[PDB]
Amino acid sequence: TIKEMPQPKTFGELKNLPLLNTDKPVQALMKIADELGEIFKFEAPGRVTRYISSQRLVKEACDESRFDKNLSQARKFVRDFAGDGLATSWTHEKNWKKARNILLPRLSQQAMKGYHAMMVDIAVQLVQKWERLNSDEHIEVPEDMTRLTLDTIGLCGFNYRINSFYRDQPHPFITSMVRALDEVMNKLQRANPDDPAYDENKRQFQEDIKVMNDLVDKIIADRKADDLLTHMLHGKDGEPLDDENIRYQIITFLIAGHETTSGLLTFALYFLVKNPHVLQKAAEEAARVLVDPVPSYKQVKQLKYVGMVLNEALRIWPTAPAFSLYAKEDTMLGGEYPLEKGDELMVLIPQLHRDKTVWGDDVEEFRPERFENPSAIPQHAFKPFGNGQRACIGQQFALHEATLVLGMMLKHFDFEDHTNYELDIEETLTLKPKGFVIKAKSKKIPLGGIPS
Ligand code: HEM
């Protein structure tokens, strides 16, 4: 009762690779897996991957006795600029689990009691910039969501003030990060990599890894002249971290610790303007809960419905959209698809969150009240933060940051979807709505003990 594995139209020496000559590869890999089922094979020269989309199979892949963690084929390149160091190392690494058990305890729920104040500091900045737009003026959502999420990691994680809001044009580091990823992403759709046709391109990329390093120089310099870098320097295990691997860990968290989080907020706010009854309902929760000008740690933990709106928007659109895995031994999967040792499966997350056998037929509706009883979401049907001993380390940081902010936004403004924005999701590894803009009617509620 073995079953042959599916596969998209191959085109020659290229195999299936030319089905990814598009700038929305994930979005297209869910049209493929949309037809070819819960699993389908994917060959591009000298690399093969299986794509699992059903909870039925994901729940096996996450069985850590069968499967270990893997580097996306995107990850080995984003390793040409990150780890050895957490988000781009294999479990079989030394400056992984040492590099993780220095930081893990700094990222718990309890550790957020400490970051909370600086998180509220950057949040106030974003709210007030909106209080001070002219009439005609609209909001660039993903654009301002980045201003925040980045400032906030820089500041909680590295006690450095990036002052992203004191700048009309996206911070250098972000313009360069974006252009560094689009490369990694196209250098993946490139049929002949080592070519001179791509030559102005791997020198561009280097200029960009310099701008990004600039800001990293600036953050260490500022420290010399209990943050997340106070350990990344003086945290033992039993080895503190070394010369070279620390400027890695830094660029690693400046990226991981904001991008995916900016994604989640643009998406949530999108979904809310399109479902104005959910906006209304979280807008009340926020009014009812945040009764001081600024929120307390205590208060942010009681934005229950807002936590829910975040998870729902994370179901419908995981911003870190896929994670990889390898087989630890030869094995059946599903009892049908037989894998060798080392074979690679990719967890197409946005599709797993659309598995109707686990969710309903309304998998495409925005309904935050699914997450009322979170004991109702089945084993493994939901994983925006990866799975297992390599779950997203910064999940509790992300969710607190994101609730706090979505919570304040909804306390001080009504938003109008003024352009009838039709969704367009730019892909730079991670997903984020592109050119999403709205207007905000302020509720004229004072903040900080400051009027406007
Ligand atoms: C906001 C602060 C965040 C930080 C500092 C952060 C950092 C990290 C780190 C260090 C890892 C690797 C952990 C490990 O290997 O032990 C990771 C993995 C991951 N993160 Fe995050 N992250 C953040 C937010 C988010 C958000 C909002 C999402 C939403 C989808 C997300 C999605 C993921 C996913 C899917 C992985 C899986 C990697 C894999 O297992 O292959 N992250 N993150």
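Residues numbered from 1 in each chain as written, not as in the entry; some residues may be left out. Heavy atoms only, no water. Residues with missing side-chain atoms left out of burial classes, pairs and counts.

- This entry lists X-ray crystallography as its structure determination method and reports a resolution of 3.200 Å.

### A word on the coordination of the iron atom of the ligand
Logical step 1: Coordination of the iron atom of the ligand by the protein comes from a single atom, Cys-392 (SG), at 2.3 Å.
Logical step 2: With respect to the helices and strands, the residue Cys-392 is situated in the loop between α15 (356–359) and α16 (395–412). (Donors = N, O, S within 2.8 Å, 3.2 Å for Na, K, Ca; no water. Helix = DSSP H or I, 4+ residues; strand = E, 2+ residues; numbered from the N terminus.)

### So, the packing of helix α10 (residues 259–274) against α16
Logical step 1: Taken N-terminus to C-terminus, the directions of α10 and α16 make an angle of 35 degrees; their axes are 10 Å apart at the nearest point. When the axes of α10 and α16 are compared, the crossing they make is right-handed. In this structure, α10 uses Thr-261, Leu-264, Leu-265, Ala-268, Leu-269 and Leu-272 to contact α16, whose residues at the interface are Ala-398, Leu-399, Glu-401, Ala-402, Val-405, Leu-406, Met-409 and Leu-410.
Logical step 2: Partitioned by chemical class, the residues of the contact of α10 with α16 number twelve nonpolar, one polar and one charged. (Axes fitted to C-alpha atoms, helices over the stretch in contact; angles between N-to-C directions. Left-handed = near helix turned anticlockwise from the far one by under 90°. Contact = heavy atoms within 4.5 Å. Nonpolar A, V, L, I, M, F, W, Y, C, P; charged D, E, K, R; others polar.)

### Some points on the pairing of strand β8 (residues 344–348)
Logical step 1: Counting buried positions over the five residues of β8 gives five, a clear majority of the element.
Logical step 2: Of the two faces of β8, both are covered, the one formed by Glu-344, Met-346 and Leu-348 as well as the one formed by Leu-345 and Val-347.
Logical step 3: Relative to β8, strand β2 (residues 47–52) runs parallel, the two sharing three bridges. Bridge pairing links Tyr-51 to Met-346 in β8.
Logical step 4: Direction of pairing for strand β5 (residues 322–327) relative to β8: antiparallel, over a ladder of five bridges. Across the sheet, residue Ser-324 finds its bridge partner in β8, namely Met-346. (Buried < 20%, exposed > 50% of the residue type's maximum accessible area, 1.4 Å probe, protein only. Pairing = 2+ DSSP bridges.)

### Looking at the sheet that holds strand β4 (residues 139–140)
Logical step 1: Taken together, the three strands give an open sheet; going across it, the order is β4-β12-β9, and neighbouring strands pair in antiparallel fashion. This sheet does not close on itself; its edge strands, each paired only once, are β4 and β9 (413–416).
Logical step 2: For β4 and strand β12 (residues 437–442), the ladder comprises two bridges, and the chain directions are antiparallel. When the bridges of β12 are listed, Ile-139 appears paired with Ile-438.

### Considerations on the pattern of salt bridges
Logical step 1: On inspection of all chains with the given rule, the structure shows 33 salt bridges.
Logical step 2: With its nearest N and O atoms 4.0 Å apart, the salt bridge here joins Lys-15 to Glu-43. Of this pair, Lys-15 sits in the segment before α1 (25–35) while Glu-43 is found in strand β1 (residues 41–44), placing the two residues 28 residues apart along the sequence.
Logical step 3: Note that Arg-66 is salt-bridged to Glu-60, the shortest N-O span being 2.8 Å.
Logical step 4: For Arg-66, a relative accessible area of 23% translates into the label partly exposed.
Logical step 5: What you see here is one network of salt bridges that share partners, running through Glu-312, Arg-315, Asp-362, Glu-365, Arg-367 and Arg-370. (Salt bridge = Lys/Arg side-chain N within 4 Å of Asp/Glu carboxyl O.)

### Some words on the sheet that holds β8
Logical step 1: In space, the five strands of this open sheet follow the order β1-β2-β8-β5-β3, with mixed pairing throughout. If you trace the sheet from one side to the other, it starts and ends with β1 and β3 (67–69), each paired once. The average angle at which neighbouring strand axes cross in this sheet is 35 degrees, direction not considered.
Logical step 2: When β1 meets β2, the two strands line up antiparallel, connected through four bridges. Its bridge partner being in β2, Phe-42 is matched across the sheet by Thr-49.

### A look at helix α5 (residues 141–158)
Logical step 1: Here α5 spans 25 Å end to end across 18 residues, near enough to the 26 Å set by a 1.5 Å rise per residue.
Logical step 2: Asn-159 sits one or two positions beyond α5 and adopts a positive phi of about 30 degrees. (Expected span 1.5 Å × (residues − 1).)

### Structural notes on the nonpolar core
The nonpolar side chains of a soluble globular protein tend to be buried, and buried together.
Logical step 1: One finds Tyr-115, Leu-126, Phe-158, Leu-254, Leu-406, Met-409 and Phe-415 to be the most contacted residues of the largest nonpolar core, which totals 117 residues.
Logical step 2: Counting residues per element, this core draws most heavily on helix α4 (residues 112–131), which supplies ten residues.
Logical step 3: Residues in contact with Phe-158, not counting those within four places in the same chain, are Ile-153, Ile-219, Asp-227, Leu-229, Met-232, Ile-250, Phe-253 and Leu-254. (Core = buried A, V, L, I, M, F, W, Y, C linked by side-chain atoms within 4.5 Å.)

### Remarks on the environment of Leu-352
Logical step 1: Among the structural elements, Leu-352 can be located in helix α14 (residues 349–352).
Logical step 2: Put simply, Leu-352 and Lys-281 are 71 residues apart on the chain and 27 Å apart in space, counted from C-alpha to C-alpha.
Logical step 3: Among all residues touching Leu-352, those that are not within four sequence positions of it are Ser-53, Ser-54, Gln-55, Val-58, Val-347, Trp-359, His-380, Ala-381 and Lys-383.

### Examining the packing of aromatic side chains
The geometry of an aromatic ring pair comes down to the distance between the two centres and the angle between the two planes.
Logical step 1: Counted according to the given criterion, the structure contains 17 aromatic pairs.
Logical step 2: When the ring of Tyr-270 is compared with that of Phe-271, the centres are 5.4 Å apart and the planes differ by 65 degrees; the resulting orientation is edge-to-face. Considered together, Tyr-270 and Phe-271 belong to a single accessibility category, that of buried residues.
Logical step 3: Taken together, the ring pairs in this structure connect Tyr-270, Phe-271, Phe-366, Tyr-421 and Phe-436 into an aromatic cluster.
Logical step 4: Here the guanidinium or amino end of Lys-187 rests over the ring plane of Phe-77, the centre of that ring lying 5.9 Å away.
Logical step 5: The ring centre of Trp-359 lies 5.5 Å from the NZ or CZ of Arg-315, which sits over that ring. (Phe/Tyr/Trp six-rings, centres within 6.5 Å; stacked < 30°, edge-to-face > 60°. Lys NZ or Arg CZ within 6 Å of the ring centre and 35° of its normal.)

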